[PDB]
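Colleague: Protein chains in written order, with the UniProt record's numbering: chain R, 61 to 187; chain D, 169 to 209; chain V, 194 to 386; chain X, 1 to 578; chain Y, 3 to 470; chain W, 5 to 474; chain Z, 81 to 120.
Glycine included, C-beta positions come from ideal geometry on N, C-alpha and C.
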Amino acid sequence: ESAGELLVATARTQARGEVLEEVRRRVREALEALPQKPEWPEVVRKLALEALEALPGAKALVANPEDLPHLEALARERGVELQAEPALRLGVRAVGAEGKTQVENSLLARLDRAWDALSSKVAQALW
Amino acid sequence: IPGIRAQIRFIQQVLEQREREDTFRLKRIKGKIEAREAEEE
Amino acid sequence: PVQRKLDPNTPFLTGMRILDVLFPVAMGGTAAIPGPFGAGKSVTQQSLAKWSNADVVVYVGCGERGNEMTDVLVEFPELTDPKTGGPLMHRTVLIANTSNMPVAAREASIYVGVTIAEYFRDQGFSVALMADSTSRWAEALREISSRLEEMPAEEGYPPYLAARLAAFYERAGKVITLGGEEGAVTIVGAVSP
Amino acid sequence: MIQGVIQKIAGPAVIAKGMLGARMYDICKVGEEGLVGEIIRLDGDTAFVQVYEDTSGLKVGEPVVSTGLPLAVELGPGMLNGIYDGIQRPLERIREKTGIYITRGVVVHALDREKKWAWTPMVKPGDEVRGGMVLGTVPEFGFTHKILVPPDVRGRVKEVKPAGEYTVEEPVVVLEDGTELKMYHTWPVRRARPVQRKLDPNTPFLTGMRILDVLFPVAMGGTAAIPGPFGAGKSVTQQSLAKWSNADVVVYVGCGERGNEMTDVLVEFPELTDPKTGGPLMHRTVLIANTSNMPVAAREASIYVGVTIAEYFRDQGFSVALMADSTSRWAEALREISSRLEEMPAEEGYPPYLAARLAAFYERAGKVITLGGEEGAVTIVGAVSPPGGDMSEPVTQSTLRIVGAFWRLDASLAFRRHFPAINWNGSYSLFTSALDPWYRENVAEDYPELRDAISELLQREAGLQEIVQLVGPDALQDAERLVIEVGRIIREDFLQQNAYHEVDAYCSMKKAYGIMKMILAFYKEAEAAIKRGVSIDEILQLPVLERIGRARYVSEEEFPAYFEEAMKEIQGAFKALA
Amino acid sequence: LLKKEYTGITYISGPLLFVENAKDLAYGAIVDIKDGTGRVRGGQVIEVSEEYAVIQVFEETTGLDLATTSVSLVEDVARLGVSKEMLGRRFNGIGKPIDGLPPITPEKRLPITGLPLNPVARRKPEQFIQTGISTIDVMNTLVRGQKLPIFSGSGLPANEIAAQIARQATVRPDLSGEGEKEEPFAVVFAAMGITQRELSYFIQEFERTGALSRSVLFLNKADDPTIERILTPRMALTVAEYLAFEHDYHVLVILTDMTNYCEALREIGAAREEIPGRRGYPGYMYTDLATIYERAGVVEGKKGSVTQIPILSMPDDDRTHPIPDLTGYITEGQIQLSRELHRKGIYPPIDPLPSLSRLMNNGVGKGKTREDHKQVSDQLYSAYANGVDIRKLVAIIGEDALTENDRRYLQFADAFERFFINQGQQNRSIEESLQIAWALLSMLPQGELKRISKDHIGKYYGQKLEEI
Amino acid sequence: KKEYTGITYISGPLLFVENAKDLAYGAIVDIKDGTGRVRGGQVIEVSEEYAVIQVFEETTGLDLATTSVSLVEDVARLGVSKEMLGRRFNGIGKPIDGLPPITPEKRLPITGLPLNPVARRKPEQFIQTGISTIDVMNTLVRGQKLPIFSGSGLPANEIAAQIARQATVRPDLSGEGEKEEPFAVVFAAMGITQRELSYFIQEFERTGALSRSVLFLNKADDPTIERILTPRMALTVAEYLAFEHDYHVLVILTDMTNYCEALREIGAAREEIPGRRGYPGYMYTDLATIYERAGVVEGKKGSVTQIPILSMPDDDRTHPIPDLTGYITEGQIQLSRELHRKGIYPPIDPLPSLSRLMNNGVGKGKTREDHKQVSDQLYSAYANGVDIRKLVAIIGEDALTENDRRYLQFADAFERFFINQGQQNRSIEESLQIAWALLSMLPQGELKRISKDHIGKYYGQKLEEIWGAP
Amino acid sequence: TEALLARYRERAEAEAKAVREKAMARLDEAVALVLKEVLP
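(1) By the three-class DSSP mapping on this structure, what secondary structure does R/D176 have?
(2) Is the distance from the Cβ of W/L355 to the Cβ of W/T329 below 8 Å?
(3) Is there a Cβ of chain D sitting closer than 8 Å to that of Y/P278, yes or no?
(4) Kindly list, in the order they appear in chain X, the residues whose Cβ is closer than 8 Å to that of D/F192.
(5) Taking just the CA atoms, how far does V/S385 sit from V/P275?
(6) Interface residues of chain X around Y/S315 at Cβ under 8 Å?
(7) Contact defined as beta carbons within less than 8 Å: I believe X/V172 pairs with X/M183. What is the distance between those atoms, to the nearest angstrom?
(8) On a CA-only basis, which of Y/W440, Y/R372 and Y/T211 is nearest Y/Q132? Give me that one, please.
(9) Specify, as a first and last residue, the run of the beta strand (DSSP E) that X/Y428 falls within.
(10) Assign V/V236 to one of two classes, buried (16 or more other C-beta atoms within 10 Å of its C-beta) or exposed (fewer than that).
(11) Which residues in the same chain as R/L115 place their Cβ atom closer than 7 Å to its Cβ, once the five residues preceding and following it in sequence are excluded?
(12) Along the chain, where does the alpha helix (DSSP H) containing W/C264 start, and where does it finish?
(13) According to DSSP, is Y/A238 part of a helix, a strand, or is it coil?
(14) Nearest-angstrom Cα distance between R/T70 and Y/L103?
(15) Starting from X/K17, trace the beta strand (DSSP E) in both directions and tell me its first and last residue.
(16) List the residues of chain Y whose Cβ lies closer than 8 Å to the Cβ of R/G77, in chain order.
Below, the structure is given as structure tokens:
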């Protein structure tokens with residue numbers, strides 16, 4: 061009977077899922093390729109600025125040592141401290157004044173937080 | 169016999185409900201007393 | 194405020210034989226209609242709204258089904274007032290706070306309905322106020338008292354429940370208004386034990 | 001390892017300091033004696049520990065050390081033929097080391113660490129392994145015990161030890177990552193073991209008892225409940241189920257039973273003989289034994305330990321029969337624990353989450369496709385013994401909401417020397433509709449209709465009791481007397497079963513179908529005769545009734561002959577009879 | 003798009019945990035609790051103050067500590083991604099797939115609590131759903147947009163009745179006048195801690211009828227956490243409302259074992275130490291159940307509809323239990339099942355006397371089936387009540403002491419149970435059910451039918467029990 | 005030795021002591037005031053901030069300035085020895101007989117350890133109580149727990165004293181037997197009055213039963229902690245004797261209702277939310293710790309047998325105390341108010357009485373081969389007799405069948421001769437003889453529960469053997 | 081008969097291929113959209 065149309069439906073859904081996962085893979089590759097290019101310091105500075113703005117008061121600013129020279133300008137100007145850490149790349153992380161809150165602005169996390177909403181737009185664009 | 173059974177069930181439910189209410193009141197009062205002790209000793 | 198309280202002497206004809214004959218309620222009186230679910234509380238209340246001899250009918254939907262307020266909104270405009278001859282909805286005021294609406298608002302709904310009824314009484318009318326369920330007002334009181342962390346009386350209800358119900362039901366009566374006219378408020382309240 | 005110091009002692013409840021980092025529901029060792037407890041609360045730098053054993057003699061300042069793992073069971077070779085507590089403590093070794101009393105803080109390993117096992121590897125270096133796959137094999141009595149990769153382990157094999165005799169602790173497969181896979185692994189008792197897919201109740205669990213296998217069947221992977229009246233022969237029925245069922249392994253959980261009832265269980269099972277092999281049945285059984293004076297934590301964890309062991313043997317690819325005795329006692333233990341935690345009681349003092357826990361226990365049963373791709377099942381038969389026998393009790397009501405079959409053992413039948421003492425007017429099964437196709441393919445195409453006819457006859461005979469009581473059987477007319485007597489024949493020749501007989505102790509579905517068909521054919525011919533005018537007193541004298549009387553006692557290899565012969569003689573009797 | 007983590011856990015006890023400097027956690031906000039193992043589990047903010055925030059975890063708290071645990075913010079409001087592609091999928095009770103297919107691409111993200119329907123925006127449920135079961139179609143008619151639960155017992159076949167209603171329910175536009183083309187039902191099935199057996203039955207039936215292609219399944223099993231049991235019906239009804247009032251669907255929602263929902267509610271309320279009600283159930287259980295049931299209905303200016311058939315097992319077979327009582331005050335009637343009829347072998351075992359449909363009168367009559375429907379129903383109720391009364395009397399004084407009138411009423415009651423209630427799996431048209439009803443009424447004198455007008459009695463009285 | 009004077013709170017039975025982290029949980033402490041009086045107490049909660057002492061007796065003279073606390077023992081312990089036989093103690097072990105104190109062979113904790121369930125053995129030997137309604141119909145087996153359910157004003161104390169004076173083992177009935185089998189009775193009286201104390205002293209001293217008994221007598225005005233400790237000390241002595249000197253010990257606990265009320269009072273004293281009907285949610289565990297301490301162990305020749313006596317609060321078998329006791333024990337001997345007020349002593353109603361383990365301890369090699377069937381026939385005959393006795397009030401005797409009248413006469417004779425034995429002491433042989441004499445009053449043929457061999461062997465005795473000297 | 085199921089299998093394979101081929105054209109633009117929406 062027409063119950064065999066389930067095969068067509070599941071095939072279509074599985075193909076769409078594979079396409080979306082490939083799009084995500086390419087996005088992750090592009091993200092990890094950003095720091096190598098010269099345009100990375102400004103985006104990281106903006107990320108750190110937003111992270112600080114999210115804290116009513118930040119005790120310190122945390123980023124990988126390769127970013128510390130680029131973030132020193134904001135760190136000293138904003139008056140907050142700073143410390144090196146093998147933290148997540150592609151962004152900067154903030155620590156609350158009391159030391160019990162923490163805001164992270166990594167792009168590898170922003171992608172995870174934005175994929176659920178962006179999936180509909182990406183699917184519309186693809187098809 | 170069904171009538172007596174129904175009456176027994178009704179009275180059992182009433183008594184159990186009253187016991188539950190008493191226990192809940194005791195617990196709430198005890199918790200309030202503990203909070204008062206913690207806040208002001 | 195009122196000028197005087199009078200002794201009820203005229204009937205509040207509900208249009209139902211059992212209530213009108215065996216258990217009458219006067220125009221300044223009060224009545225409770227408790228019953229288990231499926232017994233016909235809502236049909237009786239709507240019948241009182243449809244056929245009563247009251248100048249103005251104030252219906253209060255405290256924490257009851259919303260379909261029962263849609264029923265009134267959709268049917269009353271097509272029905273005729275027993276006396277005035279115009280649309281029935283023209284003599285009706287609806288206060289709706291359904292079961293899925295905010296819990297704290299049930300108390301406010303009771304009080305708003307009673308105040309509107311008292312106002313129309315002050316104009317010199319005979320007002321019928323129907324409370325769809327006072328048990329839900331009691332539930333709202335219980336929830337708020339739970340948040341206030343108060344000690345409960347029987348079945349979790351705050352000990353001041355009887356006082357609230359009394360203040361509500363004692364706003365009924367045939368009175369001589371401050372303007373010298375005569376008016377009344379009949380309260381028929383429904384309990385959902 | 002997290003270490004602290006006792007701050008407050010009040011009954012079984014101990015508060016510990018310096019316990020920052022301790023995890024919820026971890027197992028902790030309290031005091032110098034190392035008494036085992038469970039972390040039930042965390043507050044600042046403190047942890048609330050509820051100690052299983054008595055805390056007399058403890059002092060403030062004594063050390064509290066956290067193990068870091070929750071309540072877990074050791075799963076591996078050496079569990080069969082074992083007698084354990086509610087927390088998997090081998091009782092024979094405790095007796096050997098401590099006497100006739102159980103002392104505080106007796107540390108003994110579940111699996112013996114000195115016995116050697118014959119290891120036959122089934123993997124080679126470079127093979128990939130995933131959770132549930134079979135690394136190797138070991139012979140345990142009559143069982144090809146499969147050693148399984150723990151469900152949360154993956155990697156590429158590096159070293160596989162050769163064949164030989166090894167202790168359970170010895171690494172036997174070392175993965176490229178470095179993980180060392182021993183012959184056993186620990187699993188939490190409150191976490192259901194992973195599986196690929198749960199299947200449907202399509203196939204039956206053959207208990208070997210006619211009444212249960214026909215009128216109130218339980219599917220492989222299903223759940224059943226029996227009430228334990230005194231004098232109803234519950235123990236004999238349970239033992240017969242253990243002996244004659246199609247389960248490859250039997251797990252028996254006593255979760256708070258009386259001292260002498262547990263003595264009876266522990267003295268009788270070792271004397272039970274496995275029909276499949278003739279050796280002891282305990283070679284195929286695991287016993288969890290708890291008395292009412294043992295710690296409350298043990299009594300609460302008994303059923304979880306039992307179900308975890310059953311799930312392990314299921315993953316090995318077996319069908320396991322789990323028989324929890326007096327889940328009411330387990331509910332009492334749960335009630336006591338909840339009371340000590342200062343929780344709100346619901347209904348008869350039971351915690352509000354009694355039904356949820358009972359459901360989570362009963363619904364680890366089911367026929368499954370294991371992580372290794374094999375097929376196994378766990379069937380649960382829990383016993384509900386309310387103190388007064390009232391069925392409105394919360395435990396019985398919660399159980400009946402979740403189980404698929406209810407077999408009402410009744411003492412009244414046992415008083416009438418009817419065994420098994422199962423009442424067919426209060427019992428029910430919710431599996432028959434799902435099991436119909438299996439019956440149509442495996443026993444006979446008309447078996448369901450015959451079973452329905454037998455049920456209808458029993459119902460009719462129940463309806464006629466109000467007349468037989470006022471006026472004896474002799475007064476009833478011929479048709480009603482035929483109904484009464486076909487009911488007697490059913491009760492005596494199909495529903496009764498002597499558990500101590502050589503042949504009648506076990507009945508196959510074919511044997512039951514044959515007996516039912518004979519009875520119904522006799523009833524049809526007898527109705528015809530009564531409509532022809534033959535007095536019923538003449539019908540009851542036929543020797544064919546005597547032949548139907550002995551059908552129970554004919555062997556399985558002989559029953560077919562007996563069966564067609566008796567059918568022919570049934571047709572002969574009434575045709576010949578005038 | 004910023005991930006804010008809070009590591010100030012102060013107190014973990016049972017299902018609750020407290021976080022200190024969490025002033026930026028909204029009330030009702032969904033959080034994410036991460037442990038040292040990296041395991042990620044969710045919870046909800048149930049109280050927030052300047053001192054701490056109270057979070058209730060949707061699963062057990064095993065493995066939580068105050069050193070390595072952290073809570074992050076998922077959303078300020080509990081939301082569910084929805085689409086028209088949910089049809090044909092299976093979910094976990096939180097929303098995640100269990101069918102192996104890739105996750106859904108959300109067209110919108112709607113709050114799961116929903117919002118109350120404005121009483122001015124609803125229209126009156128009018129359309130008649132022919133369930134194929136006479137006891138419902140003639141006596142307890144189900145109208146589209148109605149919430150009509152099934153009151154069942156411990157071992158009675160309510161799941162079978164729900165499956166049969168799903169398979170057979172139709173609209174019958176020919177009687178209504180329009181004669182429109184068929185508009186099949188979409189089915190949203192929510193499970194609240196069911197056994198594998200009931201789930202297997204349901205899946206097998208839906209596969210047999212090909213319903214899964216137009217169904218959404220939310221499955222919370224007995225092995226799943228009890229706290230998540232509260233989210234499942236809200237997810238199901240959010241999906242149903244989205245479909246009905248954004249894509250003009252007619253959704254039939256089946257919520258199975260609402261008693262499990264109420265047990266989970268009681269467990270949570272006991273944990274929170276709230277003022278209880280009648281048997282330990284929270285004082286707000288009526289409001290919580292209303293927030294679920296009231297989400298059904300029909301909206302003015304839209305073509306879709308959401309109709310609900312909750313299934314709850316009355317504990318110990320008593321209406322006066324809090325769960326059936328509070329459901330009765332909310333729902334628009336109830337279809338109660340009888341253990342006696344079940345023991346006699348009658349399927350579906352629906353006892354008319356304790357069963358009611360409040361919205362019956364708005365969906366039966368001229369242009370809404372047949373003009374004799376309501377009077378026939380009332381006459382059947384009166385006659386069956388008389389028969390039951392005389393059956394009670396006969397159990398005391400026997401049959402010989404009866405009048406001819408009483409004997410006719412007993413025979414009517416027995417024939418009613420044997421032919422009207424007992425129909426097996428057969429799908430009956432409304433006309434067939436009314437024909438059987440009139441044949442049963444024909445067993446009584448033509449002057450005992452006080453509820454039927456003389457015209458209808460003339461029109462239909464006379465047929466014998468010969469339906470085939 | 006060491007004294008703690010940092011007392012900071014007195015209220016009710018509790019006392020808070022500061023800087024007492026050396027005190028172990030559960031310790032026993034002496035409390036001294038200015039007058040020099042010394043009170044006892046138990047440490048019930050120890051914390052860094054303070055320790056909580058539950059004071060035995062009352063606090064009618066204590067003050068924060070002068071009171072001090074000192075340590076007696078880390079764990080409640082009892083010094084035991086075989087010289088306890090013939091002695092009377094007070095629930096904490098202090099002698100109250102006027103004799104010097106005992107010299108303990110060892111000192112043993114009173115919260116005894118659980119018995120390993122693999123060490124236990126199936127009860128198979130009976131102990132003769134001397135009362136026919138128990139020996140023949142509700143037999144008591146070694147290692148059994150068979151409580152006596154009594155009422156408000158029924159003579160349970162007298163029955164307890166009689167069982168104490170008459171209890172014996174019967175090796176002669178078990179094959180070749182053994183040259184000797186020591187027997188002892190432990191007697192725990194919880195919450196008794198001065199009247200009952202005098203009665204027990206006199207009964208034990210007037211027949212020489214003291215020489216084989218140990219008495220732990222707790223009065224009603226004595227402290228409640230003493231009431232809770234009394235059964236534990238009794239069972240500690242019983243286990244000592246049984247499993248270290250091969251005695252057969254019979255433990256009689258006089259009033260378990262008083263124990264449970266004491267438990268409730270102390271639970272409230274320790275600030276615990278009560279459970280069902282006001283009793284602690286852990287009452288089941290405590291009652292199991294008391295009861296489950298009896299049994300027979302493998303490889304040991306001794307045994308501990310228990311007879312808990314409890315008064316049903318309102319003749320209600322569903323009250324928590326009788327309910328849990330039945331849910332943990334192995335039968336019940338129930339006393340009858342009707343039989344009591346008709347003059348029958350001891351008033352045991354056979355119909356509601358049961359002994360689960362009876363079938364193991366009766367038969368060949370123990371009692372007699374006809375025991376079980378005689379008991380079943382007696383039960384059935386008495387039931388029919390009672391039913392017919394109620395029917396005759398309506399239908400009259402002339403409308404009954406002859407068999408019915410025989411059952412009527414059997415019921416009358418059964419009540420007058422089997423249940424009503426007074427202070428006599430009956431061996432199992434005498435009881436079985438009376439049973440067969442009573443059964444002879446029914447036609448041989450209505451005895452459907454007894455095999456023909458036993459009938460031919462024993463049927464036909466004359467009731468004059470007992471009717472001539474009841 | 082099984083012929084219908086085989087036909088549906090062929091149709092499903094064709095549909096999956098068509099979806100993949102259609103997607104292959106615009107994938108880079110989708111990546112650009114995601115990058116624009118994820119960056120600050």
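Modeller: In short:
(1) helix
(2) no
(3) yes
(4) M344
(5) 29 Å
(6) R401
(7) 6 Å
(8) Y/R372
(9) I422 to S429
(10) exposed
(11) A154, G156 and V163
(12) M260 to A273
(13) helix
(14) 8 Å
(15) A13 to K17
(16) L103, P104 and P105
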